[PDB]
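Worksheet: the structure to be examined is printed underneath.
The values are calculated or read from the model by the stated rules, or taken from the named source; these are not laboratory values. Methodologically, a virtual Cβ is constructed for each residue, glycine included, from the backbone with ideal geometry; neighbour enumeration extends over all protein chains shown.
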């Protein structure tokens with residue numbers, strides 16, 4: 001199959017700036033390439049086809065070019081509604097899509113506020129312990145959250161979830177949930193969440209002692 | 001080149 | 001206006017079958033090839049199948065060939081997708097899309113339907129457990145509710161019967177290795193309000209008819 005790779009994987013820009021998105025095909029697709037836009041919870045929308053032709057209703061600030069394996073989508077003077085995911089698609093050999101480039105709104109760096117929640121007694125009665133670490137209202141999205149239980153780094157027993165970029169302050173929030181059995185949870189005392197983020201001059205640790 | 005055209009002619 | 005509307009998605013056990021439909025209006029349906037395209041949760045787009053304007057030829061993505069069958073009834077302006085031998089990896093939103101052609105070009109997707117969600121899983125319906133995330137950063141405190149171990153999606157969470165939205169973050173659900181979903185909803189509040197104002201998360205899970213109001217105190 002013809003593989004399409006899109007770069008950069010993420011792009012962060014302010015409204016009014018120019019965005020340049022790249023799609024590279026694993027083999028030549030002539031000019032048989034299209035670009036699609038997709039906003040959260042919505043179907044994709046065709047923007048450009050045959051590498052360079054604007055579909056009906058596509059604003060003039062969108063323009064595309066390219067041939068063979070290398071293709072470029074340019075968005076001049078970004079508008080707030082332009083911040084979305086963009087996919088390329090080839091039709092030279094059946095149909096394949098790139099994995100998408102996510103364009104979000106660049107704001108000033110904002111350090112997360114960090115909170116840690118021990119499991120409730122009610123959940124412990126059921127045989128499971130969920131420990132939750134909250135990173136609230138930060139920018140950019142990149143952050144490292146590590147769980148340490150009596151100073152041992154936890155691997156494979158936590159899951160992360162992140163909100164979409166907030167429509168009001170352009171920040172993100174993130175949760176990391178450490179899941180243990182009740183027996184494993186009560187084997188240890190100190191539960192800690194360590195947060196590394198560009199807005200923090202030093203990583204932040206939030207912790208509690210089990211049963212205190 | 002591409003794929004056969006699936007539309008009516 | 002041109003319009004495509006899909007239906008038929010839902011929860012289906014692996015090995016079972018499911019039929020999707022797409023009804024078209026606002027363009028000459030019998031002039032166009034039609035496509036199915038799918039999108040796994042949080043993932044990219046994958047083309048599924050194409051059918052000729054007259055139904056004479058059908059082609060399939062390598063990942064579904066032999067398991068899915070595409071058909072159409074031009075007299076009903078309807079496109080179908082017969083999904084057999086379903087697997088967990090077939091979980092996705094399924095879109096129907098028209099083959100857009102103009103001048104000498106074709107094989108692009110416009111317009112698209114709104115999509116229908118197919119969830120392939122051996123899990124059984126389960127109502128969530130709602131646990132407090134109790135407030136324990138300077139003047140600001142955080143609290144919430146852990147909505148754990150439900151199936152299938154979705155659940156909806158509000159605070160104080162919908163009167164409280166400021167500072168609320170309801171996170172996207174995650175799929176656990178058990179096959180059950182889990183999410184949390186949190187809110188940041190004044191720390192001085194902990195003993196003086198009330199925060200109740202309202203959790204609704206329709207498939208299990210679960211309706212829970214949980215007051216969250218320190």
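Below is a table of values for the structure above.
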{"item": "Flag for residue A:70 being surrounded by fewer than 18 Cβ atoms within 10 Å (Cβ to Cβ), away from chain C (no Cβ under 14 Å) and out of contact with any helix residue (DSSP H, G or I) (no Cβ under 6 Å at 6 or more places or on another chain)", "result": "yes"}
{"item": "Residue in the range C:25-36 that is touching a strand residue (DSSP E or B) at 6+ places or on another chain (Cβ under 6 Å) and under 30 Å from residue A:9 (Cβ atoms) present", "result": "yes"}
{"item": "Residue match in the range A:61-71 (condition: under 29 Å from residue C:5 (Cα atoms) and outside the structural domain of residue A:141 (by TED's automatic domain parsing))", "result": "yes"}
{"item": "Residue that is farthest from the other protein chains (Cβ to nearest Cβ), among those in the range C:153-198 that are part of a loop (DSSP other than H, G, I, E, B) and crowded, with 21+ Cβ neighbours inside 10 Å", "result": "C:155"}
{"item": "Out of C:57, C:77, sole residue that is more than 8 Å from chain A (Cβ to nearest Cβ) and at negative phi", "result": "C:57"}
{"item": "Residue ranges of strands (runs of 3 or more DSSP E) in the range A:48-160 with at least 3 members under 26 Å from residue C:38 (Cβ atoms) and under 22 Å from the mean Cα position of the chain (by Cα)", "result": "A:85-90, A:101-105"}
{"item": "Residue that is nearest to the other protein chains (Cβ to nearest Cβ) [pool: residues in the range C:111-131 that are part of a strand (DSSP E or B) and within 22 Å of residue C:178 (Cβ to Cβ)]", "result": "C:131"}
{"item": "Residues that are surrounded by 13 or more Cβ atoms within 10 Å (Cβ to Cβ) and either out of contact with any helix residue (DSSP H, G or I) (no Cβ under 6 Å at 6 or more places or on another chain) or assigned to a strand (DSSP E or B) (or both), drawn from the range A:179-189", "result": "A:179, A:180, A:184, A:185, A:186, A:188"}
{"item": "Pairs, first within 16 Å of residue C:83 (Cα to Cα) in the range C:30-43, second in a loop (DSSP other than H, G, I, E, B), C-beta under 7 Å, six or more apart", "result": "C:40/C:91"}
{"item": "Residues of the range C:44-54 satisfying the condition of being within 30 Å of residue A:9 (Cα to Cα) and either away from chain A (no Cβ under 14 Å) or loosely packed, with under 15 Cβ neighbours inside 10 Å (or both)", "result": "none"}
{"item": "Meets criteria (within 14 Å of chain A (Cβ to nearest Cβ) and on the phi > 0 side of the Ramachandran plot) for residue C:139", "result": "no"}
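Quick grid of which residues meet (1) more than 8 Å from chain C (Cβ to nearest Cβ); (2) in contact with a helix residue (DSSP H, G or I) (Cβ under 8 Å, 6 or more places away or on another chain); (3) within 17 Å of residue A:97 (Cβ to Cβ):
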position	(1), (2), (3)
A:24	yes, no, yes
A:28	yes, no, no
A:32	no, no, yes
A:35	yes, no, yes
A:41	yes, no, no
A:53	no, no, no
A:57	yes, no, no
A:62	yes, no, no
A:66	yes, no, yes
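Conditions (1) surrounded by fewer than 19 Cβ atoms within 10 Å (Cβ to Cβ); (2) on the phi > 0 side of the Ramachandran plot; (3) out of contact with any strand residue (DSSP E or B) (no Cβ under 6 Å at 6 or more places or on another chain); (4) within 11 Å of chain C (Cβ to nearest Cβ), marked per residue:
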residue	(1), (2), (3), (4)
A:90	no, no, no, yes
A:95	no, no, no, yes
A:118	no, no, no, yes
A:139	no, no, no, no
A:163	yes, no, no, yes
